[PDB]
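Chemist: Just dropping in an experimental structure and the matching sequence.
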Amino acid sequence: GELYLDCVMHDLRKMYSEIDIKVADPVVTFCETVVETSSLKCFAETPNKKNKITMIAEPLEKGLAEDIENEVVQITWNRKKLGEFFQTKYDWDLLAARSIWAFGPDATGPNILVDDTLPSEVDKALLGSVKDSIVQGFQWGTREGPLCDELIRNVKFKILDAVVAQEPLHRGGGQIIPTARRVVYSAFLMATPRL
Amino acid sequence: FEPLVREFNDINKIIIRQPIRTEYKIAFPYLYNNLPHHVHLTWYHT
């Protein structure tokens, strides 16, 4: 607050650094959000056309985001017990209850990541090889910030088609991480950004 | 009284939301001024 920064500027000037310092007017930090389901979804690939990611964005509810901020919806337990908590608190779907991957910008963030492509997610050995790269792009891009490098509050990202080529073994993760970042950008920016 | 002394502050980069009321320079002297020399601290609340 005001008195805190007044005191630290007194401390900075008098105790350690005697240098005159130009100081502008204080501004707050901002965040970002999305309030509606996505439009006609974007799918984007790497520069070498191998692997695509299909992701929509629709907001997880207020209670969902505030309870993930209260660590009670943490995925560190069994997937089944996490799904049971989603069921008993929000009338969540069972098929979407055992498919959630990660959270977001830190260990407990205001985002969530869901997969539901039941005909096409039978390809599990080829999906889980890049699932961790989707997480490594997801967390990093949600702590980056598209518009002015702020944070992203209360947005659900949901993947609806996974097209990844057969045995990449060097291309896959390293190219899908900026690809997951870019499809995060597209699904955030396309239908309803808010501050 | 009489004066005792006698690309950063761009006006396209500063949100003038509330006008800086002048009493802030007394109430919080370091945070709202540059070069506060021979400044005195204030007892502010009982």
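Modeler: Cool, got the structure. Numbering: from 1, shown residues only, chains lettered A, B, ... in the order given.

Chemist: Can you name every helix or strand that the longest helix that chain A contains contacts?
Modeler: Using DSSP state H to define each element, chain A has its longest helix at helix A:124-144. Secondary-structure packing of helix A:124-144 (3 or more CB pairs under 8 Å, 6 or more residues apart in numbering or on different chains; DSSP states H and E): strand A:111-115, strand A:151-152, strand A:155-163, helix A:172-189. Any C-beta I mention is one placed from the backbone N, CA and C, and that applies to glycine too.

Chemist: what's the very next helix or strand once past the last one packed up against?
Modeler: What that stands for is helix A:172-189. Counting by DSSP states H and E, the next helix or strand C-terminal to helix A:172-189 is strand A:193-194. Counting contacts by 3+ CB pairs under 8 Å, 6+ apart, strand A:193-194 is packed against strand A:31-34.

Chemist: Next, the buried residues of the helix or strand that comes right after the strand it packs on.
Modeler: Using DSSP H and E, the helix or strand that follows strand A:31-34 towards the C-terminus is strand A:42-45. Using 16 or more other CB atoms under 10 Å in any protein chain shown as the burial criterion, the residues of strand A:42-45 that qualify are A:42, A:45.

Chemist: Render the CA-only coordinates of strand A:42-45 in CSV, please.
Modeler: C-alpha atoms of strand A:42-45 as CSV (Å, rounded to 0.1, in the frame of the first residue of the first chain):
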residue,chain,number,x,y,z
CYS,A,42,-8.6,-22.4,-34.3
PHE,A,43,-6.2,-25.3,-35.0
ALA,A,44,-2.6,-24.3,-35.6
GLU,A,45,0.5,-26.4,-36.3
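
Chemist: can I assume residue A:11 sits in a helix?
Modeler: Yes: according to DSSP: H, G, I helix; E, B strand; the rest coil, residue A:11 belongs to a helix.

Chemist: ok, it to chain B distance?
Modeler: Residue A:11 sits 9 Å away from chain B, going by CB to the nearest CB, to the nearest Å.

Chemist: can you check residue A:42 too?
Modeler: From residue A:42 to chain B the distance is 33 Å (CB to the nearest CB).

Chemist: which one is residue A:108 nearest to, not counting chain neighbours?
Modeler: residue A:71 (5.3 Å; CB to CB, 6 or more residues apart in numbering or on different chains).

Chemist: how close does the one you found sit to residue B:31?
Modeler: With the distance defined as CB to CB, to the nearest Å, residue A:71 ends up 35 Å from residue B:31.

Chemist: Show me which of those two is the more surrounded one.
Modeler: residue B:31 (21 against 10; other CB atoms under 10 Å in any protein chain shown).

Chemist: Now that one. Nearest residue, chain neighbours left out?
Modeler: Per CB to CB, 6+ apart, closest to residue B:31 is residue A:6, 4.3 Å.

Chemist: so what does the helix or strand hosting that neighbour touch, helix or strand wise?
Modeler: Using DSSP H and E, residue A:6 sits within helix A:2-11. The helices and strands touching helix A:2-11, judged by 3+ CB pairs under 8 Å, 6+ apart, number zero.

Chemist: any idea how far the spatially most central residue of chain B lies from chain A?
Modeler: In chain B, the residue lying closest to the centroid (CA atoms, centre = their mean) is residue B:32, at 2.7 Å. Distance check for residue B:32 against chain A: by CB to the nearest CB, it reads 8 Å.

Chemist: same deal with residue B:23?
Modeler: The value you get for residue B:23 to chain A, if CB to the nearest CB is used, is 13 Å.
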